[PDB]
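Let's start with one chain on its own, the form deposited in one PDB entry, as structure tokens.
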């Protein structure tokens, strides 16, 4: 069994911490069940949370593996090997400039904003905001509600893809949580361990995650997607509920 999990609004609470998930995470480790973060967050953010690889960052744009992963894949980088599935940030940013000219209006993202600004917009600290700005693949867009749709049309026109997390729209090319999950499973050392995958999430960018796993659990607000299990409460309490009710009684 592998548990693939989104962070914001799923494993993490409103302050970007664990809440009741802590105990749930420990039980899984004790049972030897790998837990793989799959998030819109950057590697720098995942690191600051003390999460060890493997993990999937920037909506599936990058798969970070331990340097000594038993299956050879990716490009070595320090204590990691990195499998890049998506276009680099710089290329996305260049494409955004063309989308701007098309939309006939500015399209702003984290790359355009100071860390101070990103912090204010996200409620993160300036330092956490600096980590959120260290994007390798995916751009987080800052859009006024009323312009969203015109912007999305322009993104697609210039070859970019979009999704949204809990609060923000994203632009990237080749970043998909489902693609990344499928890839990581294919690269898993023990095929039997990866045979059954669970995926938990709460927003649009998690749909691909749900599709790519065997047991999908939605811990967001409202009704889950079709074919996805639900929990009584959202977020980390959802995660806890999910492990205890759906996972442990299988372990």
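Whichever C-alpha set is largest while still superposing within 1.5 Å between the two forms counts as the rigid core. Positions refer to the first chain, counted from 1.
**Student:** For the higher mean C-alpha B factor in the entry, choose 168 to 176 or 102 to 110.
**Tutor:** On average, C-alpha B-factors are higher across 102 to 110.
**Student:** Between 126 to 134 and 142 to 150, which has the higher average C-alpha B-factor in the PDB entry?
**Tutor:** Between 126 to 134 and 142 to 150, it is 142 to 150.
**Student:** Among 192, 214, 226, 206, which carries the highest Cα B-factor?
**Tutor:** Among 192, 214, 226, 206, the highest C-alpha B-factor in the entry belongs to 226.
**Student:** Say you rank 119, 92, 157, 71 by Cα B-factor from the PDB entry; which sits at the top?
**Tutor:** Comparing C-alpha B-factors across 119, 92, 157, 71, the maximum falls on 157.
**Student:** Name the third of the chain's ranked CA B-factors that contains residue 67, choosing lowest, middle or highest.
**Tutor:** Middle third.
**Student:** Ordered by C-alpha B-factor within the chain, which third holds residue 30? Give me lowest, middle or highest, please.
**Tutor:** Answer is highest: the recorded C-alpha B-factor places it there.
**Student:** Taking the C-alpha B-factors as the PDB entry records them, is residue 52 in the lowest, middle or highest third of its chain?
**Tutor:** Tercile = highest for this residue's CA B-factor.
Although it is not shown, the form deposited in another entry is what the next lines describe.
**Student:** Which residue, 178, 74, 174, 166, is displaced 2 Å or more at the Cα between this form and the one not shown after superposing the core?
**Tutor:** Residue with a C-alpha shift of 2 Å or more: 166.
**Student:** C-alpha of residue 147: shift of 2 angstroms or more between this form and the one not shown, rigid core aligned?
**Tutor:** Passes the 2 Å threshold, so yes.
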